[PDB]
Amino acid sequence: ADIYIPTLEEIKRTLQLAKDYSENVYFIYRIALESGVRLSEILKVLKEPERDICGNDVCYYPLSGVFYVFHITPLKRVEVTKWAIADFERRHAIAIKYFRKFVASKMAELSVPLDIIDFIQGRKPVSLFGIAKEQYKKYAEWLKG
């Protein structure tokens, strides 16, 4: 009951298409799928990947209250520009900007409260970060399977 939310299959396909095209581009879509965070925040983060923190289950990157880019696979230094992603899309797939709609949607299926989904995804609308990480862990589990 929501139009622009991709399906797992369409996402699965875009990932593969990106993997065949480039390892750098594939890595960006991968993080987009793990985080639910804007493309711009992803690129800002991959230029300083040494600030990434990885726990046993999930990883997280502190931005700048404060937001975190939650993800699963450790960051490596990637130099893609918005331009090179845009190029990729033009040749094909799901637009990366719709990846966060999917992510927010699965998180809601996994019973993550909307205020927490907003926090995970970077929008302003025990501790705060602790609860968010435990919630994020549900999406991380689902994602690996």
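Residue numbers run from 1 along the displayed sequence.
- Deposited sequence between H92 and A93: 1 to 3 residues lack coordinates.
- Unmodelled stretch separating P125 from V126: 4 to 9 residues (count of deposited-sequence residues without coordinates).
- As recorded in the PDB entry, 17-25 is the stretch of 130-138 and 17-25 with the greater mean C-alpha temperature factor.
- Higher average CA B factor: 80-88, of the stretches 80-88 and 28-36.
- Within the group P113, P62, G65, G55, the record's highest C-alpha temperature factor is found at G65.
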